[PDB]
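If you want the building blocks of each chain, they are given just below.
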There are 4 protein chains.
Amino acid sequence: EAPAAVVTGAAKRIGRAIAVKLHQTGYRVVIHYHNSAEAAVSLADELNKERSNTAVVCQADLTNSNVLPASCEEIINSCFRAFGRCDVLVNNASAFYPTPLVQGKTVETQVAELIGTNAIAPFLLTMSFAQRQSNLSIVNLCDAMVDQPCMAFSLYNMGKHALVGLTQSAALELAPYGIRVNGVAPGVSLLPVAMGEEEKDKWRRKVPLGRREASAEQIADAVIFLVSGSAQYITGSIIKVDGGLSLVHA
Amino acid sequence: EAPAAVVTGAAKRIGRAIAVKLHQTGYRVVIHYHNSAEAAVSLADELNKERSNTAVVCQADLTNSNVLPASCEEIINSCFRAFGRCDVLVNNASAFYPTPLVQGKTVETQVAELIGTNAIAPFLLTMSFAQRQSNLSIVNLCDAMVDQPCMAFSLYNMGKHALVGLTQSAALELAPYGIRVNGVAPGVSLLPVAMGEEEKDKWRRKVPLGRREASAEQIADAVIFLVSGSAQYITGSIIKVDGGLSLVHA
Amino acid sequence: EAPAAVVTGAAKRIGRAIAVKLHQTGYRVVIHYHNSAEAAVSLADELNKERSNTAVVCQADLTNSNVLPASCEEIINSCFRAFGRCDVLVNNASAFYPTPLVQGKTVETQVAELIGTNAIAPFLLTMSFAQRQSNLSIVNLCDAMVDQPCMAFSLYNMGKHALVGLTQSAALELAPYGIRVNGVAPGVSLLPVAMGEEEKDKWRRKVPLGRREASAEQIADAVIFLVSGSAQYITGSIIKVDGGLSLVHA
Amino acid sequence: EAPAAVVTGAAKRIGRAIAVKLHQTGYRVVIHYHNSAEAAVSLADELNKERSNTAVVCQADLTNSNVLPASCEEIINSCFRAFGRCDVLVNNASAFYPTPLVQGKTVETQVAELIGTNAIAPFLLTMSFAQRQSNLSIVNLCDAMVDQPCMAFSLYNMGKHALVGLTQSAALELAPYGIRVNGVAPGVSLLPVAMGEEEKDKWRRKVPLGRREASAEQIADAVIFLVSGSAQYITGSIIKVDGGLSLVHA
Ligand SMILES: NC(=O)c1ccc[n+]([C@@H]2O[C@H](COP(=O)([O-])OP(=O)(O)OC[C@H]3O[C@@H](n4cnc5c(N)ncnc54)[C@H](OP(=O)(O)O)[C@@H]3O)[C@@H](O)[C@H]2O)c1
Ligand SMILES: NC(=O)c1ccc[n+]([C@@H]2O[C@H](COP(=O)([O-])OP(=O)(O)OC[C@H]3O[C@@H](n4cnc5c(N)ncnc54)[C@H](OP(=O)(O)O)[C@@H]3O)[C@@H](O)[C@H]2O)c1
Ligand SMILES: NC(=O)c1ccc[n+]([C@@H]2O[C@H](COP(=O)([O-])OP(=O)(O)OC[C@H]3O[C@@H](n4cnc5c(N)ncnc54)[C@H](OP(=O)(O)O)[C@@H]3O)[C@@H](O)[C@H]2O)c1
Ligand SMILES: NC(=O)c1ccc[n+]([C@@H]2O[C@H](COP(=O)([O-])OP(=O)(O)OC[C@H]3O[C@@H](n4cnc5c(N)ncnc54)[C@H](OP(=O)(O)O)[C@@H]3O)[C@@H](O)[C@H]2O)c1
Ligand SMILES: NC(=O)c1ccc2nc(N)sc2c1
Ligand SMILES: NC(=O)c1ccc2nc(N)sc2c1
Ligand SMILES: NC(=O)c1ccc2nc(N)sc2c1
Ligand SMILES: NC(=O)c1ccc2nc(N)sc2c1
């Protein structure tokens with residue numbers, strides 16, 4: 001029987017590449033998505049064409065609210081429903097936008113989105129994963145630039161720091177159950193869609209190793225390692241995949 | 001005129017010692033409290049006996065909710081209404097209790113309390129402090145053991161990691177306004193009074209420097225340094241006040 | 001055709017496991033040794049029996065001295081002479097013993113061995129490797145307990161901290177040359193042969209992940225990942241392989 | 001009776017500022033120097049004119065060699081000879097120059113100077129200070145940019161990382177003796193004398209807090225705090241004094 005993985009925010013970009021690589025490794029996959037229904041369904045079709053009954057989609061908003069625990073329980077439940085097991089959780093989904101401290105969304109909505117997607121949903125997904133329970137593990141998508149943050153991104157940065165805390169606390173608490181918990185911390189990978197070309201090139205030029213952003217596949221490679229049998233003694237570790245970017249001074 | 005400071009969770013323990021030392025240094029103080037009204041008022045009365053019209057109290061729940069931004073705006077406003085200025089914000093208030101990942105508050109109440117008091121309220125207070133604006137600074141009460149956490153304290157640890165992120169992000173963003181943002185990270189300080197001495201001693205014996213916990217006054221001393229003229233180039237720094245505890249392996 | 005790797009201290013324990021695994025992956029190997037000639041030659045015999053002329057030995061003392069730069073140049077040169085190329089350098093050799101601050105070898109001998117083997121030899125080897133130059137990389141064997149050090153191990157700890165600095169500095173400086181530089185940080189792996197069984201078990205019980213030390217092969221697996229095509233965007237990263245030990249408070 | 005302090009590299013710049021501020025606080029001081037004899041004697045003369053018999057000079061090369069332990073023992077002995085006690089050691093002296101990995105002094109001379117002054121001399125001074133033994137403490141001058149290093153400064157950066165390790169290891173080991181060990185980590189403070197103004201301004205513009213380097217007095221203020229009674233529970237802490245520089249991404 002093939003193991004099964006949940007990947008959040010898996011319709012596009014890094015999450016898609018993670019879901020593809022897990023599937024290529026032998027996993028059955030739950031493709032979680034929020035708005036990107038067409039892309040999620042299209043990915044599941046492509047994976048199922050390769051091996052039937054190995055991919056399903058699961059829609060959920062990961063914004064914090066009093067129903068977020070139920071949504072997170074449902075995502076894990078969807079994996080058990082489709083595949084009878086859940087071996088791997090990848091917390092990839094993320095909201096990312098500025099929240100300046102000095103002055104259409106209310107600040108409480110920004111808190112719910114940025115802290116919910118980046119930290120609270122990973123926590124609740126981790127609880128549900130552990131409670132519903134080989135080679136079990138969780139991989140959190142962190143941020144290599146967490147200590148040299150983007151100006152005016154305080155709530156985003158707070159959420160990603162909270163995710164480091166979750167990675168460490170859950171590694172400690174879940175180790176006696178044989179569940180490893182680790183992180184992968186990109187520097188600059190696939191650049192935002194809204195961003196212009198001259199700006200993208202500015203960021204590319206900062207990266208010591210090759211003066212280019214990471215491909216989604218390069219990020220997924222670190223995820224694959226961490227869920228593999230080659231990482232069985234690794235827990236609580238966060239692997240930077242940043243081309244040296246976090247080493248570069250102002 | 002005398003400068004003014006807001007101290008959250010100032011009725012008892014570390015926040016009380018901070019408020020007293022700031023007052024002794026010459027600050028007028030807003031004593032924020034949640035449940036401890038008698039203690040808050042007793043402190044205000046003691047400080048006003050020392051110097052008239054130098055202390056007020058401000059009640060607020062710092063749990064996350066739709067009204068938290070308004071509450072935090074009101075806390076800052078209370079300092080301006082009482083004293084005509086707000087020079088110092090000390091984010092001291094904190095909820096602290098276990099939240100195990102594996103199995104009478106709901107998990108979302110625990111999120112609201114632990115992430116709200118430890119991280120979101122500091123963020124909203126920081127926004128309101130900056131918007132309302134010399135030696136201006138913010139001091140956040142962090143935790144020296146954030147990377148070697150208590151078992152089953154994931155939400156607490158997430159909140160304290162988020163607070164490190166806020167300290168760094170806000171230092172960067174507020175530096176152009178001349179507002180410094182720093183942290184003080186206790187190891188073991190005041191223990192619960194109801195905790196058996198035999199249990200308190202297990203903690204005390206872990207501390208390399210003197211085999212004792214920090215007094216509240218020793219924590220307050222680092223706060224006083226950070227708000228002083230002797231720290232005018234210090235921003236984004238977190239000072240451990242832990243007797244070497246964080247250096248001790250398992 | 002086949003790439004080539006230098007592994008220092010490769011005759012026994014972790015270095016041996018690294019050498020075996022690199023060989024199994026298709027590398028030709030230089031097995032460096034200081035005192036363990038018999039063991040080095042026995043390993044080379046084993047590897048050459050598998051694939052002829054794919055393993056050579058190289059003697060050198062890695063103690064700091066006037067001749068250490070020449071010795072390090074020779075180690076790198078041996079790889080180029082045997083195999084025509086040098087793709088991977090693994091700085092694994094180490095000295096480990098206490099150096100109490102409050103009171104055999106003179107203290108300056110301890111400096112030469114602890115700082116020399118653990119930090120200066122890696123620096124000189126890195127220089128020689130880079131000067132003599134595809135998937136090129138260096139892997140430094142670090143220590144996951146670097147910030148929670150063993151009592152009375154100051155010089156050892158200083159050396160391992162220096163090695164973190166070299167990993168980061170060399171990653172930055174060598175990135176333009178396409179040379180990646182990373183670390184693997186064991187917690188408790190193969191215990192010193194001198195250490196008694198009760199002391200071994202005492203350390204084992206502290207590890208969250210299965211209450212056991214890492215095998216040498218688990219350490220080697222992380223090295224294999226970092227030198228692989230799956231790590232081509234990773235530079236300046238140190239992967240802990242410690243079963244969660246560094247997360248455990250006193 | 002007045003307490004006494006040793007400051008290494010105290011003839012000029014930050015070391016002079018530390019010596020002056022310690023003297024103004026009421027310490028008797030040993031002004032260590034290497035080449036700057038006129039400047040050292042001039043400073044001691046100024047201090048002795050303020051309060052007679054409160055300053056002496058002590059010449060020593062802190063480059064690593066087989067006599068460095070005796071030199072470090074002598075610096076400490078000079079404080080006992082002059083003043084009958086030694087309460088504070090400030091490890092300020094430092095060599096700083098590039099050591100490129102890819103191509104006057106031999107590499108072994110560069111190792112001896114950069115690792116000797118920045119790490120081994122602090123280690124040997126720490127040993128002699130502890131063995132010769134109230135409010136006793138050691139303060140090490142570290143570097144806030146240790147994890148975002150200057151290009152081609154590997155040996156310097158290895159030495160400052162080793163000094164972090166010493167700070168932590170010595171804090172742990174000397175805590176039972178009541179000796180606190182801490183660090184102060186400048187970002188950019190007094191720019192090199194040989195640096196032209198245009199290059200100085202490039203660095204100044206990077207600093208979030210005021211777009212200027214730290215004054216020597218600002219660095220000394222943090223040293224004064226760490227030696228004071230207001231830091232009596234602080235050990236193993238490194239206080240950044242960097243105006244937010246280390247938080248600024250590439
Ligand atoms: N890209 C980089 O350079 C970079 C750098 C550092 C860290 N990272 C981290 O790596 C991960 C992947 O990066 P990425 O650039 O691929 O991410 P992304 O494109 O910004 O976001 C990934 C997905 O997150 C989902 N998402 C957003 N808000 C959500 C909500 N309220 N509920 C549920 N899902 C939501 C979206 O799903 P739908 O499209 O279905 O709505 C989105 O496609 C993220 O955790 C990110 O923080 C990336
Ligand atoms: N004590 C230690 O050993 C230690 C160790 C590490 C870190 N720290 C940090 O140092 C700081 C002070 O420690 P402490 O031991 O003095 O803290 P504490 O006694 O646990 O709590 C301080 C105050 O926080 C306020 N608070 C709690 N929940 C609140 C809510 N929902 N809304 C508003 N206020 C709330 C309470 O005020 P009322 O009483 O008025 O309700 C309480 O008296 C905290 O940030 C803590 O995390 C302490
Ligand atoms: N084992 C662990 O639990 C652990 C934990 C943390 C970090 N590490 C790190 O992982 C790496 C490997 O650990 P290990 O336990 O396998 O190491 P080890 O057995 O202590 O030493 C490995 C080899 O280093 C060589 N070596 C020592 N001093 C030398 C000198 N002056 N000149 C030349 N070579 C010298 C020796 O080679 P010869 O026998 O040929 O003389 C020795 O066999 C080390 O860097 C270590 O610091 C290990
Ligand atoms: N300046 C900055 O921006 C900055 C930034 C980060 C860290 N720091 C750290 O802060 C401390 C003070 O900085 P600084 O700029 O004032 O230092 P500095 O001027 O570069 O050096 C201070 C003194 O070190 C002594 N020294 C150098 N080589 C020596 C040797 N072989 N033996 C004995 N003494 C030697 C010299 O004494 P003589 O003149 O008597 O020969 C020199 O005056 C240093 O530890 C430095 O690394 C400074
Ligand atoms: N461009 C970046 O550095 C960056 C950082 C974080 C991040 N998180 C996302 N969800 S997209 C994204 C982009
Ligand atoms: N005993 C401790 O180490 C500890 C840590 C954090 C904390 N936060 C509070 N609000 S009380 C408290 C106690
Ligand atoms: N017992 C350990 O945890 C340990 C730590 C470091 C180390 N370095 C060596 N060369 S052997 C060794 C063992
Ligand atoms: N320019 C700097 O940031 C800088 C850094 C370190 C340092 N160390 C010295 N001895 S002078 C000096 C200057």
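**A look at the UniProt feature "active site" (unreviewed entry) in chain A**
Residue and element names in this part refer to chain A.
Okay, step 1: Under the UniProt annotation, the feature "active site" (unreviewed entry) is placed at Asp143 and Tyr156.
Okay, step 2: If you trace the backbone, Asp143 turns up in the loop between β5 (136–141) and α5 (154–174).
Okay, step 3: In this structure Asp143 comes out as buried when scored by relative accessible area, which is 17%.
Okay, step 4: Setting aside anything within four residues of it in sequence, one finds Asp143 in contact with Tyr156, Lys160, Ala185 and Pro186.
Okay, step 5: By secondary structure assignment, the location of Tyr156 is in helix α5.
Okay, step 6: Those residues in contact with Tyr156, other than ones at most four positions away along the chain, are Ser94, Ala95, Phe96, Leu114, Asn118 and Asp143.
Okay, step 7: A distance of 2.7 Å separates polar atoms of two side chains, one belonging to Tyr156 and the other to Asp143.

**Topic: the relation of the copies chain A and chain B**
Okay, step 1: Of the two same-sequence chains, chain A is brought onto chain B (RMSD 0.4 Å, axial shift 0.0 Å) by a rotation of 180°. Here the copies are linked by what is in effect a two-fold axis. Across chain A, the smallest distance between a C-alpha and the rotation axis is recorded for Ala162 of chain A, namely 2.4 Å.
Okay, step 2: The share of interface residues of chain A whose copies in chain B are also at the interface is 100%, consistent with both copies meeting through the same surface.

**What to know about the packing of helix α4 (residues 107–131) of chain C against helix α4 (residues 107–131) of chain D**
Okay, step 1: Look at α4 of chain C against α4 of chain D: their axes get within 12 Å of each other, and the N-to-C directions meet at 140°. The orientation of α4 of chain C with respect to α4 of chain D, classified from their angle, is oblique. At the point where α4 of chain C passes α4 of chain D, the crossing takes the right-handed sense. Between α4 of chain C, through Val107, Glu108, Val111, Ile115, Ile120, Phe123, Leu124 and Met127 of chain C, and α4 of chain D, the contact on the second element is made entirely by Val107, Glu108, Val111, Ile115, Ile120, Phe123, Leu124 and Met127 of chain D.

**Examining the sheet that holds strand β1 (residues 4–7) of chain A**
All names here are of chain A.
Okay, step 1: Pairing is parallel in the open sheet, where seven strands are placed in the order β3-β2-β1-β4-β5-β6-β7. The open sheet has two free edges, formed respectively by β3 (55–59) and β7 (238–241), since each of these has just one partner strand. With direction set aside, neighbouring strand axes in the sheet form an average angle of 20°.
Okay, step 2: In the sheet, β5 pairs with strand β6 (residues 179–186) via six bridges, with the strands oriented parallel. Bridge pairing in β6 places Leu136 opposite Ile179.
Okay, step 3: Contacting β1, β2 (28–33), β4 (88–91) and β5, helix α1 (residues 13–25) runs over the sheet at an angle of about 175° to β1.
Okay, step 4: Along the sheet, helix α7 (residues 216–227) contacts β4, β5, β6 and β7; its crossing angle with β6, the most-contacted strand, is approximately 165°.

**Section: the relation of the copies chain C and chain D**
Okay, step 1: When chain C is fitted to chain D, the residual RMSD is 0.3 Å, and the transformation amounts to a turn of 180° plus an axial shift of 0.0 Å.
Okay, step 2: In this assembly the copies share their binding face: 100% of the residues contributing to the interface of chain C also contribute to that of chain D.

**Digging into the pairing of β2 of chain A**
Residues and elements named next belong to chain A.
Okay, step 1: Burial of β2 is extensive: six of the six residues sit out of reach of the surface.
Okay, step 2: Neither face of β2 is exposed, since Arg28, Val30 and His32 on one face and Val29, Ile31 and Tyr33 on the opposite face are all buried.
Okay, step 3: Of the strand pairs in this sheet, β1 and β2 are connected by four bridges, and their pairing is parallel. Bridged to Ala5 within β2 is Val29.
Okay, step 4: The β-α-β motif built from β2, the intervening helix α2 (residues 37–50) and the parallel element β3 has right-handed crossover chirality.

**Some points on the packing of aromatic side chains**
Okay, step 1: Overall, the coordinates contain 11 aromatic pairs over all chains when judged by the stated rule.
Okay, step 2: Residues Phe225 of chain B and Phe225 of chain D carry aromatic rings whose centres are separated by 4.0 Å and whose planes lie at 5° to one another, so their mutual orientation is stacked. Of this pair, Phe225 of chain B sits in helix α7 (residues 216–227) while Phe225 of chain D sits in helix α7 (residues 216–227), placing the two residues on different chains.
Okay, step 3: Classification of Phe225 of chain B by relative accessible area gives buried; the value is 5%.
Okay, step 4: A centroid spacing of 4.8 Å and a plane angle of 85° characterise the contact between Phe96 of chain C and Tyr156 of chain C, whose relative ring orientation is edge-to-face.
Okay, step 5: Judged by relative accessible area, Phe96 of chain C falls into the partly exposed class, the value being 41%.
Okay, step 6: Note on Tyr156 of chain C: relative accessible area 11%, which makes it buried.
Okay, step 7: Over the aromatic face of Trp203 of chain B sits the side chain of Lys206 of chain B, whose NZ or CZ is 5.2 Å from the ring centroid.

What counts and how
- Residues numbered from 1 in each chain as written, not as in the entry; some residues may be left out.
- Chains lettered and ligands numbered in written order.
- Heavy atoms only, no water.
- Residues with missing side-chain atoms left out of burial classes, pairs and counts.
- UniProt positions renumbered as here; feature names shortened; annotations may be inferred.
- Helix = DSSP H or I, 4+ residues; strand = E, 2+ residues; numbered from the N terminus.
- Buried < 20%, exposed > 50% of the residue type's maximum accessible area, 1.4 Å probe, protein only.
- Contact = heavy atoms within 4.5 Å.
- Polar contact = N/O pair within 3.5 Å; in protein donor to acceptor, adjacent residues only side chain to side chain.
- Least-squares fit on C-alpha atoms.
- Axes fitted to C-alpha atoms, helices over the stretch in contact; angles between N-to-C directions.
- Parallel < 35°, antiparallel > 145°, perpendicular 65-115°, else oblique.
- Left-handed = near helix turned anticlockwise from the far one by under 90°.
- Pairing = 2+ DSSP bridges.
- Right-handed = clockwise from strand over helix to strand, strands pointing away.
- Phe/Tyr/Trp six-rings, centres within 6.5 Å; stacked < 30°, edge-to-face > 60°.
- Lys NZ or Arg CZ within 6 Å of the ring centre and 35° of its normal.

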